[PDB]
Structures are given as C-alpha cells and as structure tokens.
C-alpha cells in the first residue's frame, strides 16, 4: 500500500497559548476559585505549545451541551470537507474514483461524519465507509493501519482517511463545571488535587484540527516509487490500563493520568521491537520516526526507551509547539510535514507510532 498525499484543515481562530492560559485564569478569578493560579501558567507553559486552533468559542457563559454538539458536528464536517477537497484537488482524483472513505473522530455522529460528507462531495452512492471510534489520540495511526489492511485485498483501489477532533468542545462547559466542583470540594477532600491538575493539563494540551491522507493499492496508477509504502503494522494493548486514558461521559471528561507515560513503556518496546524484528530491521537503522506527541513526557519516554538522539523526535515537539495536541489528527499533520520535506533516500525506513485509550499503541513501518 502506498501513501500518495496528505492535507490538513484548521478552523479560523488561532489563539496564543498565553491568551488561553489567561482566559482560564480569568475564569478561576471571576468564580473566586481557591486554587493557585500559578499552576495554570505552569502547565500551560510546560506542555511546550505556542498556540492552538479553537473551532468553538472562547468559559464564562456556556451554551447547552446539545448546541455545542451541534456546532462540533458542523465544524467537524466543515474541516473534513476542506481537507478532503484539498486532497482530491492536489492529486487530481475524482471523488467517484475513491472506493473507501475511512474516518476517526470522537465527535458524536450517528450517522458518522463520512456518511454526512457524501452529501457535500460527489462520492458514488456505493462508497465503502469505515467509521472508527473508541481510539482517541491513536486514531490517525490506527486508521492508516486499517486502510492499509483493506488495500491489501483491493490493490486497484484508492481510499481516503480523515481524522478530525474538536477539543474546544471541552471549553464549552465541561471543564468549567468540573474544575469548579473539584476546587470547591478540595478543602474537605485533598485527594481531589490530582483531579484538578488533570483537568488543567487537559485545558493546556488539546486543540482542534483535521488531517486527511490518500492511500492506494499497489496496482493503482498513483502507486509510484518515492512514495512511502506501508509494509507492516501492529497493535498493542497494555492489560488493565483502561482507567489511565479515555473520554468519559458525565458533557465529557478527558481522562489522562500521570501514570500513562510509565504504562506506555510496557507496550512500546514489545510492540516496536517485535514489528521491527519480524521485518528484519534494527531500530538504529530507521531513517525517520513520526511519533504522536501525547505530551512532552510521552516524547521523552519514547526517546529514552529507544535511546534516540534528541533530534530524532524534533517533529513531535515542533508539531506540539505549532498546533498543540490535535489528538487523532496530529500524526496526519505530522506526516503531511514529512511529505513536504526533502525526498527521503530510496529504501529508507520510517516508523509511525501513536498511543491512546486502551492503553493502546499502534506502529506502522514505512519504506520509501
């Protein structure tokens, strides 16, 4: 399977990280929440993000959850349509010649976003769809793997994957309600301190955006040398870590416990060592890593586990700095950057790695 091209789409409002930190501090202050405001600055600074796109409005006067979901759906569709149209235009592919449209998003959508897009883009009415959910930050890498598996059996076909997330939905009421309750119960329940920090970290980290990728089977006319080929992929799920990472219905609450970066270690090396060995490759001979930046702590952990030079994962840090954590879309944005870089040397190997709720990890071996 060949990765042919990529595109991204972002909403119109880009906020400096310092403005978002200030917006949350003002919420704490207007609400008279008894909490150290310097903790907001600390985590908004320590995530190493310069600014974020928010599709939904920037705390004090929240709409109904129904209205926020309606806006989230609309914005998800708008971003996905933009990305897919840019993708089709840049490759000169007609929508009717796409066989499969795969999607990942935690935006609630029944019918799925990919079905609603059939009314915006003239796909054939018999388009095959692959709407995935329950994978969180991992979804971009996960979707690449599932589409590659599909194209194994359909070598003449073309498929599009998109990932789109609206993290700003959490700023429409969920973060406000939860931080208020937690901080006000904190004097009688000091165990809640870590819960407040988790919500502040969520507010510091997650952003909005969309990425899309065109992939084709080996017999497709766009399967040309010089493109990255997906040569293998593998999944891993670490036992008994469901509670470390997820998205719970309450609005929503993001779950991201500090123990993630250590539980990551239990899955990363068996997953990647096994994938590489089964393909007769040594990690030291990888030309490129494309690692989803769950956080700076996650990047540091991957770097330490595989003894990497600190420049090897620079793309993860630059991406975090530019757009924040855009969840499943992040590795597609990252792949897009790489496809804009200098033509990778022939026969160079690359690894895409992402981690998400599960705790689950996905690894994809690429060859140029």
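Residue numbers count along the first chain shown, from 1.
Modelled in this chain, residue 188 is nonetheless unresolved in at least one third of the other entries of the protein that span it on both sides.
In every other compared PDB entry of this protein that covers both flanking sides, residue 342 is modelled, so it falls short of the one-third threshold for missing coordinates. According to the record, the deposited sequence contains no missing residues between residue 33 and residue 34, so the chain is continuous there. The modelled chain is continuous from residue 153 to residue 154, since every residue of the deposited sequence in that stretch has coordinates. The mean Cα B-factor in the deposited entry runs higher for 303-311 than for the other of 330-338 and 303-311. Looking at 63-71 and 49-57 together, the entry lists the larger mean B-factor for 63-71, computed on C-alpha atoms. Within the group 89, 259, 81, 149, the record's highest C-alpha temperature factor is found at 259. Of the residues listed, 207, 137, 277, 210, the entry assigns the biggest Cα temperature factor to 277. Remark: residue 13 belongs to the middle third of its chain, ranked by C-alpha B-factor as recorded. The PDB entry assigns residue 120 a C-alpha temperature factor belonging to the middle third of its chain's modelled residues. Annotation for residue 229: CA B-factor lies in the middle third of the chain's modelled residues. In the PDB entry, residue 187 places in the highest third of its chain by CA B-factor.
Residue 98: CA B factor in the middle third of modelled residues in this chain (values from the PDB entry).
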